[PDB]
Amino acid sequence: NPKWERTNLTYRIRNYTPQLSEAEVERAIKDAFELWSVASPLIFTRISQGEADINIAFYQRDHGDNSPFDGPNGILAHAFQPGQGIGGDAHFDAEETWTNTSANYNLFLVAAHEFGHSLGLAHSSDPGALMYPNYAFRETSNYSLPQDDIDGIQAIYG
Ligand SMILES: C[C@H](NC(=O)[C@@H](CS)Cc1ccccc1)C(=O)NCC(N)=O
Ligand SMILES: [Ca+2]
Ligand SMILES: [Ca+2]
Ligand SMILES: [Zn+2]
Ligand SMILES: [Zn+2]
């Protein structure tokens, strides 16, 4: 069980995707962190620069981590388990079509999935869970965490 021993964690959006405005990217990320906050003791703080616990970036193919992305579709992003350095960081494939609609792919939902990994959760076999290996659109307007995901952060933190 890798987990954060601290409860206030900072994050930094290193770069942006040109497909969305910055406000939309910052909003997608903010809301994604709030789904976890409301079901756990974690507080997320955004820093405009400096070293953050969780770095967020949009990278392409080879991007320095031995986990090369793969062009459109296929893997959409990845995140690292709780830890120092690359630990906790979440990378998104810059070659995907990021949206904030029902069109593939919706950034808030992929960010919400990735942040689960950053907090120590693995994939779930429950197709209704957000932590399920494959993406599926779910309305995001007043989106809330599936019970399985809630069971998951609750088991690591409290
Ligand atoms: C397999 C691939 N999965 C991924 O890229 C996940 C790697 S941690 C990210 C993910 C998973 C579920 C919900 C949102 C984001 C995927 O779903 N690709 C898109 C597809 N379904 O067409
Ligand atoms: Ca891809
Ligand atoms: Ca980190
Ligand atoms: Zn990466
Ligand atoms: Zn995943």
# chains A, B, ... in the order shown; residues from 1 in each chain; ligands from 1
call {"tool": "closest_atom_pairs", "arguments": {"of": "segment 40-91 of chain A", "to": "segment 21-30 of chain A", "cutoff": "10 Å", "atoms": "only C-alpha atoms", "output": "CSV"}}
result
residue,atom,partner,partner_atom,distance
A:44,CA,A:30,CA,8.5
A:45,CA,A:30,CA,9.3
A:46,CA,A:30,CA,8.5
A:56,CA,A:29,CA,9.1
call {"tool": "write_last_selection", "arguments": {"atoms": "N, CA, C and O atoms", "output": "PDB file, in the first residue's frame"}}
result
ATOM      1  N   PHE A  44      -5.978  19.474  -1.678  1.00  0.00           N
ATOM      2  CA  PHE A  44      -5.088  19.724  -2.801  1.00  0.00           C
ATOM      3  C   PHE A  44      -4.892  21.198  -3.055  1.00  0.00           C
ATOM      4  O   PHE A  44      -5.837  21.920  -3.333  1.00  0.00           O
ATOM      5  N   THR A  45      -3.629  21.588  -3.111  1.00  0.00           N
ATOM      6  CA  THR A  45      -3.260  22.975  -3.296  1.00  0.00           C
ATOM      7  C   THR A  45      -2.536  23.175  -4.634  1.00  0.00           C
ATOM      8  O   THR A  45      -1.591  22.462  -4.948  1.00  0.00           O
ATOM      9  N   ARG A  46      -3.003  24.102  -5.451  1.00  0.00           N
ATOM     10  CA  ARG A  46      -2.324  24.380  -6.704  1.00  0.00           C
ATOM     11  C   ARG A  46      -1.172  25.401  -6.550  1.00  0.00           C
ATOM     12  O   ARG A  46      -1.331  26.415  -5.850  1.00  0.00           O
ATOM     13  N   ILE A  56       1.667  17.629 -13.354  1.00  0.00           N
ATOM     14  CA  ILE A  56       0.734  17.312 -14.402  1.00  0.00           C
ATOM     15  C   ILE A  56       1.254  17.866 -15.716  1.00  0.00           C
ATOM     16  O   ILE A  56       1.520  19.062 -15.849  1.00  0.00           O
TER      17      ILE A  56
END
call {"tool": "select_by_dssp", "arguments": {"residues": "chain A", "states": "strand (DSSP E)", "output": "list in words"}}
result
residues 8, 9, 10, 11, 12, 13, 43, 44, 45, 46, 54, 55, 56, 57, 58, 59, 77, 78, 79, 90, 91, 92 and 93 of chain A
call {"tool": "residues_near_ligand", "arguments": {"ligand": "ligand 1", "cutoff": "8 Å", "atoms": "only C-alpha atoms and all ligand atoms", "output": "list in words"}}
result
residues 73, 74, 75, 76, 77, 78, 79, 105, 109, 110, 111, 112, 113, 114, 117, 123, 130, 131, 132, 133, 134, 135 and 136 of chain A
call {"tool": "closest_residue", "arguments": {"among": "A:147, A:49, A:84, A:141", "to": "residue 5 of chain A", "atoms": "only C-alpha atoms"}}
result
A:84
call {"tool": "closest_residue", "arguments": {"among": "A:7, A:124, A:17, A:55", "to": "ligand 5", "atoms": "only C-alpha atoms and all ligand atoms"}}
result
A:124
call {"tool": "residues_near_ligand", "arguments": {"ligand": "ligand 4", "cutoff": "9 Å", "atoms": "only C-alpha atoms and all ligand atoms", "output": "PyMOL selection string"}}
result
chain A and resi 57-69+77-80+86+89-93
call {"tool": "select_by_dssp", "arguments": {"residues": "chain A", "states": "helix (DSSP H, G or I)", "output": "VMD selection string"}}
result
chain A and resid 22 to 37 107 to 118 147 to 156
call {"tool": "closest_residue", "arguments": {"among": "A:146, A:127, A:116, A:2", "to": "ligand 5", "atoms": "only C-alpha atoms and all ligand atoms"}}
result
A:116
call {"tool": "closest_residue", "arguments": {"among": "A:82, A:88, A:50, A:41", "to": "ligand 3", "atoms": "only C-alpha atoms and all ligand atoms"}}
result
A:88
